[PDB]
Structure formats: structure tokens, C-alpha cells
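J.: Please find one structure pasted underneath; my questions will follow.
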Amino acid sequence: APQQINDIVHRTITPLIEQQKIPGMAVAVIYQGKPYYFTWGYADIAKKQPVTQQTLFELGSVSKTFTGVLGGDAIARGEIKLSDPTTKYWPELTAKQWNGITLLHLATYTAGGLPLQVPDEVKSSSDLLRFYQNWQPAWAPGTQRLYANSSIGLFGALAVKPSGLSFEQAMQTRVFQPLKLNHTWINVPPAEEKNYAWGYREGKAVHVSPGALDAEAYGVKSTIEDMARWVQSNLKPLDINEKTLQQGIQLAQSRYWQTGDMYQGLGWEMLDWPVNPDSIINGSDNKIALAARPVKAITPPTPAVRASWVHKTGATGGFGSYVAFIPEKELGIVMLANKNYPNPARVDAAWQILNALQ
Ligand SMILES: *[B]([O])([O])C1=[C][C]=C(/[C]=[C]/C([O])=O)[C]=[C]1
């Protein structure tokens with residue numbers, strides 16, 4: 001890789017690994033449309049397996065970006081509309097609090113207070129229905145944003161309903177495959193277990209536990225190569241030959257709501273570039289990102305803005321990931337680690353690297 005990239009990457013990530021005690025890490029910088037990889041440490045401390053470009057990391061919530069696109073693809077196919085009420089695809093949802101709550105609200109965390117976590121006790125199709133029937137919105141729809149798995153996770157599940165495909169099958173067929181993300185999984189197959197890094201929490205090795213709507217909200221695992229490719233796809237969707245997917249990607253980067261200087265897309269979150277570091281850094285901390293906040297509707301939604309910083313953080317009990325890219329500069333970065341460390345440190349590192357390249 002050009003010495004410039006190599007130097008800024010190493011000057012930035014090295015102190016990060018030491019300060020945060022990150023066991024293993026992979027980074028990818030997309031510069032002028034070309035990917036450059038970097039790896040450090042361990043995928044498995046006990047078995048001394050190093051992190052390589054083939055190592056799989058839990059993406060955590062970055063999986064929400066895949067769900068936003070799959071959803072957008074469904075829209076481009078005319079299978080769903082964001083303006084359709086939730087009940088059009090789940091008539092069994094009869095509780096009156098649901099009238100007025102649209103797929104857009106589920107996709108954008110603006111239904112009125114759906115919780116972050118779906119309860120552990122919710123493990124079946126009937127439990128899920130009961131959970132949503134019983135939920136009580138604290139606010140009218142489309143007024144406040146509350147980042148939630150139970151919100152976009154339901155969006156993902158309802159969105160693939162007309163396809164007649166399972167969520168995993170829709171995702172494989174309509175997103176992973178066309179984009180050649182061949183080492184990206186919702187369920188890691190036996191043959192790939194050997195490249196599946198262990199997550200580290202409090203020094204103990206861990207892997208994400210199964211849960212309701214996990215595939216739709218935080219259940220994707222991937223390699224630094226597939227993630228770099230996922231970034232290039234979102235940077236330049238017009239290169240995607242599959243029509244509905246191309247649209248879908250564009251749709252996920254449209255601006256539906258604004259809160260502070262942040263705009264909510266489908267999965268992705270965007271800010272106008274040039275952007276202020278403190279604004280994206282302080283803004284990413286789990287004190288702002290998860291908090292209840294009023295939103296102003298963007299009527300109608302602004303189509304994907306090329307001069308934007310598009311990003312998303314992700315975390316599981318054992319993993320910390322981050323994706324950020326600037327379409328107008330053909331610039332992006334992917335940071336995957338098997339330790340869940342503070343969001344501000346990720347965004348800080350990512351900004352130091354990308355700013356240094358325009
Ligand atoms: B992201 O990363 O942000 C996320 C993921 C996951 C969660 C939860 C889970 C449970 O259930 O606990 C959150 C968030």
C-alpha cells in the first residue's frame with residue numbers, strides 16, 4: 001500500500017490497540033476505489049490463531065446496514081412501500097397503538113419508543129406477536145428517535161414477507177451473492193468455524209448468543225475483505241449491475257429524519273461533509289446515540305448526498321466494529337475488532353485516518 005496510507009493507518013491504530021487493549025484487529029481503507037488491508041493480533045488468544053484477512057468478526061449492529069439495503073431492495077422491487085402501515089404485512093397485529101405506525105417508522109426507530117432490546121423471554125413466533133401487541137408507545141409515531149433492535153429488526157422481518165423467502169435466504173440471494181460477499185454469514189457454517197474469531201469480554205472468550213430478530217438486527221459475521229467490498233458497493237452503487245439492489249443501496253442512504261446534525265437513513269446514519277469530528281465523535285458515544293431524541297421529518301426524503309460521511313457503529317458483547325465512508329471522495333474505512341471498546345475512540349481513529357487523505 002502507498003506509504004502515506006500505511007503510515008497514517010499504523011500511526012493511528014497502533015496506539016488505539018494498546019490503549020484499548022484490543023486482542024485482535026483488522027482494518028481496511030478504500031482509497032480511490034481500491035482496498036488496502038491491515039491486521040493485528042489474535043483471532044483466538046488460547047489457540048494462538050492470528051487475525052488475517054479471512055478472519056470472521058461479529059459485525060454487531062453494522063448488520064443493520066445490510067438490513068437497510070435488503071429492505072431498500074424490496075422497495076425497489078415493489079414488494080413493500082415505506083409508507084405502508086405495519087399491519088399490511090402482519091394483520092395479526094391488531095392492538096390499536098399500531099394504527100399509523102408505518103414500515104418507515106420501524107426502519108428508522110421512530111415508531112414511538114420500541115425498546116432497544118427484544119426481551120430474552122421472547123423466543124418464538126407467538127412470543128414476538130405478543131410482545132408487539134402488548135407494547136405501549138410513549139410517543140406518537142414519527143416524533144422521536146430511539147435506536148432500537150426491536151424497531152429495525154421487525155422492519156427487516158416484515159420486509160422480506162412478500163418475497164416468500166426467509167430473511168437469511170433473501171439476504172444471501174439478494175445482497176451477499178450479487179455483491180460476491182462469499183464469506184459473510186448470518187449463520188457461520190462448520191467449514192468456516194476455523195476463521196471465526198472469538199470475541200473478548202472481561203478477558204473471557206465469547207460469541208453472540210441467539211435471540212429474537214438477531215439476524216435482522218445484529219447477527220452478521222464477515223471478513224475484512226467482504227466488508228471492504230461492502231463499503232465499495234455503498235460508495236459507488238451505480239456499479240452494481242442488479243437494478244433493484246442498486247436502487248436499494250441508494251434508498252438506504254436517503255435522509256428521512258434529522259436529529260441534531262445527524263440524518264437517519266435505512267440502517268446507515270449520515271452527516272454532511274465536511275463534518276466536525278467532535279460532532280461525529282461525541283455524537284457516537286452511547287449517551288447520545290442511544291438516547292431519546294425528537295426528529296424533524298425530511299419531507300420528502302433527500303436522495304443520497306455524495307458529500308456525506310456515512311457510517312455505523314456495531315457491537316456485540318465481544319466485538320466492536322465500525323464502518324465510515326465519504327462517497328464524494330471515494331474514501332472509506334472498515335474497523336473490526338474482537339473486543340467491544342468505546343465508540344468515540346473508533347470514530348476518532350477513523351476520522352484521523354480519512355481526514356488525512358482529503
Ligand atoms: B448494536 O451493536 O448497536 C446493538 C447490538 C445488540 C444489542 C442488544 C442485544 C441484546 O439483546 O442484549 C444492542 C445494540
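Letters A, B, ... mark the chains of the C-alpha cells in the order given; residue numbers begin at 1 per chain; ligand numbers begin at 1, in order shown.
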Using only C-alpha atoms and all ligand atoms, determine which residues fall within 8 Å of ligand 1, then list them as a PDB file with C-alpha atoms, in the first residue's frame.

T.:
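Ended up saving to result08.pdb:
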```pdb
ATOM      1  CA  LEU A  59     -20.437  -7.130  12.929  1.00  0.00           C
ATOM      2  CA  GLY A  60     -22.996  -6.449  15.621  1.00  0.00           C
ATOM      3  CA  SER A  61     -25.314  -3.587  14.661  1.00  0.00           C
ATOM      4  CA  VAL A  62     -23.362  -2.907  11.426  1.00  0.00           C
ATOM      5  CA  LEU A 116     -33.557  -1.304  22.205  1.00  0.00           C
ATOM      6  CA  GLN A 117     -33.572  -4.930  23.247  1.00  0.00           C
ATOM      7  CA  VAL A 118     -36.188  -7.536  22.498  1.00  0.00           C
ATOM      8  CA  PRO A 119     -36.663  -9.354  25.853  1.00  0.00           C
ATOM      9  CA  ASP A 120     -34.854 -12.668  26.478  1.00  0.00           C
ATOM     10  CA  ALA A 148     -33.796   0.013  18.675  1.00  0.00           C
ATOM     11  CA  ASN A 149     -33.285  -3.623  17.620  1.00  0.00           C
ATOM     12  CA  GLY A 211     -32.052 -14.100  20.252  1.00  0.00           C
ATOM     13  CA  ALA A 212     -35.231 -12.860  18.623  1.00  0.00           C
ATOM     14  CA  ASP A 214     -30.938 -11.340  15.868  1.00  0.00           C
ATOM     15  CA  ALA A 217     -30.564  -6.592  13.894  1.00  0.00           C
ATOM     16  CA  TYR A 218     -27.043  -7.658  14.825  1.00  0.00           C
ATOM     17  CA  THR A 313     -21.066   1.523  14.763  1.00  0.00           C
ATOM     18  CA  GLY A 314     -21.701  -2.066  15.831  1.00  0.00           C
ATOM     19  CA  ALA A 315     -21.089  -4.132  18.936  1.00  0.00           C
ATOM     20  CA  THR A 316     -21.717  -7.496  20.481  1.00  0.00           C
ATOM     21  CA  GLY A 320     -16.578  -3.730  18.310  1.00  0.00           C
TER      22      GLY A 320
END
```

J.: Using only C-alpha atoms, determine which residues lie at most 10 Å from residue 81 of chain A, disregarding the query and same-chain residues fewer than 5 positions distant; provide the list as a PyMOL selection string.

T.: chain A and resi 71-72+74-76+102-104+159

J.: Just the selected residues (N, CA and C atoms), exported as a compact mmCIF listing (two decimals), in the first residue's frame, please.

T.:
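Output contents, as saved in part_39.txt:
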```
# COMPACT_ATOMS: atom_id res chain seq x y z
N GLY A 71 -33.92 -4.15 2.70
CA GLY A 71 -35.23 -3.52 2.75
C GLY A 71 -35.41 -2.61 1.56
N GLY A 72 -34.40 -1.81 1.25
CA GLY A 72 -34.49 -0.90 0.13
C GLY A 72 -34.68 -1.65 -1.17
N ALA A 74 -36.22 -4.48 -1.48
CA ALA A 74 -37.63 -4.91 -1.52
C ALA A 74 -38.49 -3.76 -2.05
N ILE A 75 -38.20 -2.55 -1.59
CA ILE A 75 -38.93 -1.38 -2.06
C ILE A 75 -38.73 -1.19 -3.57
N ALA A 76 -37.49 -1.26 -4.04
CA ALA A 76 -37.23 -1.08 -5.46
C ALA A 76 -37.91 -2.16 -6.30
N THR A 102 -45.92 3.11 10.47
CA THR A 102 -45.54 2.60 9.15
C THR A 102 -44.19 1.85 9.12
N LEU A 103 -43.92 1.19 8.00
CA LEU A 103 -42.65 0.50 7.83
C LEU A 103 -41.51 1.54 7.99
N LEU A 104 -41.74 2.77 7.53
CA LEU A 104 -40.72 3.82 7.67
C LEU A 104 -40.36 4.01 9.14
N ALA A 159 -40.26 -6.87 5.91
CA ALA A 159 -39.84 -6.52 4.56
C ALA A 159 -39.61 -7.69 3.59
```

J.: Under the rule that only C-alpha atoms are counted, which of A:342, A:113, A:41, A:260 is the nearest residue to residue 296 of chain A?

T.: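 Smallest distance to residue 296 of chain A is found for A:260.
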
J.: I'd like the contact shell of residue 110 of chain A - 10 Å cut-off, only C-alpha atoms, skipping same-chain residues fewer than 3 positions apart - returned as a VMD selection string.

T.: chain A and resid 101 to 107 113 to 114 139 to 148 151 to 152 257 264 293 to 295

J.: Please produce a file of those selected residues containing N, CA and C atoms, as a tab-separated table (two decimals), in the first residue's frame.

T.:
```tsv
chain	number	residue	atom	x	y	z
A	101	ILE	N	-48.53	3.53	12.54
A	101	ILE	CA	-47.11	3.16	12.59
A	101	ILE	C	-46.76	2.45	11.27
A	102	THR	N	-45.92	3.11	10.47
A	102	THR	CA	-45.54	2.60	9.15
A	102	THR	C	-44.19	1.85	9.12
A	103	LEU	N	-43.92	1.19	8.00
A	103	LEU	CA	-42.65	0.50	7.83
A	103	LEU	C	-41.51	1.54	7.99
A	104	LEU	N	-41.74	2.77	7.53
A	104	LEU	CA	-40.72	3.82	7.67
A	104	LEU	C	-40.36	4.01	9.14
A	105	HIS	N	-41.38	4.03	10.00
A	105	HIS	CA	-41.15	4.20	11.44
A	105	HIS	C	-40.29	3.04	11.99
A	106	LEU	N	-40.59	1.81	11.60
A	106	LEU	CA	-39.81	0.68	12.10
A	106	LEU	C	-38.39	0.75	11.60
A	107	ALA	N	-38.24	1.08	10.32
A	107	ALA	CA	-36.91	1.16	9.70
A	107	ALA	C	-36.04	2.24	10.33
A	113	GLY	N	-41.04	4.70	20.48
A	113	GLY	CA	-40.47	4.12	21.68
A	113	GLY	C	-40.24	2.61	21.74
A	114	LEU	N	-40.19	1.94	20.59
A	114	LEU	CA	-39.92	0.50	20.61
A	114	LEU	C	-38.61	0.37	21.36
A	139	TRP	N	-44.73	7.80	22.76
A	139	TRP	CA	-44.92	9.00	21.93
A	139	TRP	C	-45.64	8.68	20.64
A	140	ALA	N	-46.26	9.69	20.05
A	140	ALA	CA	-46.96	9.50	18.79
A	140	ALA	C	-45.91	9.07	17.75
A	141	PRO	N	-46.35	8.41	16.67
A	141	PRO	CA	-45.39	7.99	15.65
A	141	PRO	C	-44.73	9.13	14.88
A	142	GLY	N	-43.47	8.91	14.50
A	142	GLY	CA	-42.73	9.91	13.76
A	142	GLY	C	-42.37	11.18	14.53
A	143	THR	N	-42.23	11.11	15.84
A	143	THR	CA	-41.89	12.31	16.63
A	143	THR	C	-40.54	12.21	17.31
A	144	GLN	N	-40.20	11.01	17.77
A	144	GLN	CA	-38.92	10.82	18.42
A	144	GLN	C	-38.17	9.60	17.94
A	145	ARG	N	-36.85	9.71	17.96
A	145	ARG	CA	-35.98	8.61	17.55
A	145	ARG	C	-35.39	7.90	18.76
A	146	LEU	N	-35.56	6.58	18.82
A	146	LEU	CA	-34.97	5.78	19.90
A	146	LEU	C	-34.34	4.54	19.25
A	147	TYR	N	-33.03	4.58	19.06
A	147	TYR	CA	-32.27	3.50	18.43
A	147	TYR	C	-32.75	2.17	19.02
A	148	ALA	N	-33.25	1.27	18.17
A	148	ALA	CA	-33.80	0.01	18.67
A	148	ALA	C	-33.77	-1.21	17.76
A	151	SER	N	-37.13	-2.31	16.71
A	151	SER	CA	-37.73	-1.47	15.68
A	151	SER	C	-37.24	-1.93	14.27
A	152	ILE	N	-35.96	-1.74	13.96
A	152	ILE	CA	-35.45	-2.14	12.64
A	152	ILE	C	-35.44	-3.66	12.44
A	257	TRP	N	-34.91	11.49	8.40
A	257	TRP	CA	-35.14	12.31	9.58
A	257	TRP	C	-33.85	12.95	9.97
A	264	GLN	N	-31.07	10.24	9.63
A	264	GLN	CA	-31.32	8.81	9.67
A	264	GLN	C	-31.68	8.20	8.32
A	293	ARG	N	-34.63	11.15	21.30
A	293	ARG	CA	-34.47	12.45	20.65
A	293	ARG	C	-35.55	12.76	19.62
A	294	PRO	N	-36.03	14.01	19.62
A	294	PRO	CA	-37.07	14.44	18.68
A	294	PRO	C	-36.47	14.50	17.28
A	295	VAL	N	-37.29	14.21	16.29
A	295	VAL	CA	-36.81	14.24	14.93
A	295	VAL	C	-37.67	15.16	14.09
```

J.: Please identify which residues in segment 36-225 of chain A DSSP calls strand (DSSP E) from the backbone, and express them as JSON, numbers by chain.

T.: {"A": [36, 37, 38, 39, 40, 41, 42, 43, 44, 49, 50, 57, 58, 144, 145, 199, 200, 201, 204, 205, 206, 221, 222]}

J.: Of the candidates A:246, A:20, A:182, A:67, which one gets nearest to residue 160 of chain A if we count only C-alpha atoms?

T.: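 Of all the options, A:67 lies closest to residue 160 of chain A.
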
J.: Please indicate the distance in Å from atom CA of residue 272 of chain A to atom CA of residue 326 of chain A, rounded to one decimal place.

T.: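 These two atoms are separated by 9.7 Å.
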